[PDB]
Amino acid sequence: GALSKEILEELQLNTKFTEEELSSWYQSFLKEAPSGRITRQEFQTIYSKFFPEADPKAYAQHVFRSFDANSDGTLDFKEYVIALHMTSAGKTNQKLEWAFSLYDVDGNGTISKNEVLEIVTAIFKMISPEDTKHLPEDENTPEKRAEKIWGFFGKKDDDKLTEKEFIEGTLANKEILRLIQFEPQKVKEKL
């Protein structure tokens, strides 16, 4: 039950739970997943159930992959809790390192233009059509959003985006933060 300490020490301010509460959640988690592991498909099922207004399978896959760039295998309880926090709790500004891992689809250490499009598209599919019509014209399709992000970083099509640059830009340029925003409720709310 002391997988809770490293969850807390990894999330810190990000956390919505105490060690005791995490242990309670864990005990319940073990009743459904006694191995303490869940697969990509099982993780996707969680998002499919709780975002019925959206098409969350791609998003949930990228979130699952954020930790290791691997669609195979599993998350442990720690990674599952962190993932739910990342998509659903706290402030985007406390998640920037994790956001880099999300956007670096292949895990090679830099973000490419295509990776931005892939992730932006997956996030876009988390938005209901009823909300999409309220987006600014120049941010109302995945291609427009992804190209705006790339332009804000000053990039040519074949350039690579490093973690240093990503963190600087998402901190400093709040338009970049708005466009890379991956929490579905926050995209909805600033919209």
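So that there is no doubt, residue numbering starts at 1 and follows the sequence shown.
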Stretch exceeding the other in mean C-alpha B-factor - 114-122, 88-96
88-96
Pick between 128-136 and 47-55: the one whose mean CA B-factor in the entry is higher.
128-136
Highest recorded C-alpha temperature factor, please, choosing from 144, 62, 164, 156.
156
Within this chain's modelled residues, let me know which third the CA B factor of residue 11 belongs to: lowest, middle or highest.
highest
Can you work out whether the C-alpha temperature factor of residue 183 puts it in the lowest, middle or highest third of the chain?
middle
When the deposited Cα B-factors of this chain's modelled residues are ordered and cut into thirds, is residue 40 in the lowest, the middle or the highest one?
lowest
Compared with the other modelled residues in the chain, in which third is the CA B-factor of residue 150?
lowest
